[PDB]
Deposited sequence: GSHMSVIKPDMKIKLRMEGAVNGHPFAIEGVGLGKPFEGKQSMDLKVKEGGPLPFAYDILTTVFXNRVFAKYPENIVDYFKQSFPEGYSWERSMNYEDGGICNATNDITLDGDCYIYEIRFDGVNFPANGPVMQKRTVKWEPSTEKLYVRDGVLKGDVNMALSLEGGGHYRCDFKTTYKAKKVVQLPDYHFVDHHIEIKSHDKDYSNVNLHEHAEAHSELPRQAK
């Protein structure tokens, strides 16, 4: 297979939040079969970012998910051609983020082309006022719809000062070539920023994911 235990990551994100443009590029590595990955992100345009960095982290590849033998792996199946996904993230206070990622493979490195667009975040909200701490772990529900894979997850950001800020995710994954379709299943996720400088110009982001079924 084209999927090897150790692979590299390279990405560029171009986006905007409340109409203000920015761009971030990253370099990382991961273990597709263990569902582990790490990366170093750097703001190239639009910094210092005037919004909570956390609204970006889950946009920074389900190929990095431990898939058991009894569960069809939609993602690892799609390479070398690769796959792409679209997502809408609806926050409880009206803020909404749309994102897309086109994932291709070059040798042993995945290449991401990411677009990010968020709007309607309240000026006094947790995002614009950067009052988030981290995302809580989550469980994504994945199911097939019209020959493609859909995935929804109830997300929540812990807020500095107590409480949580809820956001609902709705994603569509599209393999660039025909692959076997899986049965309804789940993917546990745990994303964490391990380090970063004061204004988040540099960020070290890690993620751990594992799939499973009833």
note = Per the record, deposited positions without any C-alpha are 1 to 4, 65, 220 to 225
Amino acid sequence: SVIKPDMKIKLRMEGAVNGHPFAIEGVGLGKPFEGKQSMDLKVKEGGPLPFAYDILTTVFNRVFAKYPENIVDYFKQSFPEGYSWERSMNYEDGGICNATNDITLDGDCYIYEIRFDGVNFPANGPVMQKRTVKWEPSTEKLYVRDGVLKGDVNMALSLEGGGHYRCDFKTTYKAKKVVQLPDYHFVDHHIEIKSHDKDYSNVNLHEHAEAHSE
From here on, numbers count along this sequence of modelled residues.
inquiry  = Going by the mean C-alpha B-factor recorded in the entry, which is higher: 150 to 158 or 64 to 72?
reply    = 64 to 72
note = Of 102 to 110 and 136 to 144, the stretch with the higher mean C-alpha B-factor in the deposited entry is 102 to 110
ask   = According to the deposited entry, which of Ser88, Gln129, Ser84, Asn120 has the largest Cα B-factor?
value = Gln129
message = Among the modelled residues of this chain, does the Cα B factor of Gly46 put it in the lowest, middle or highest third?
response = middle
ask   = Within this chain, which third does the Cα B-factor at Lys10 fall in: lowest, middle or highest?
value = lowest
Chain thirds of CA B-factor: placement of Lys174 = lowest
key: Where the record places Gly26 (Cα B-factor, split into thirds across the chain)   = middle
task = Grab the CA temperature factor for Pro182 from the record and place it in the lowest, middle or highest third of its chain.
result = middle
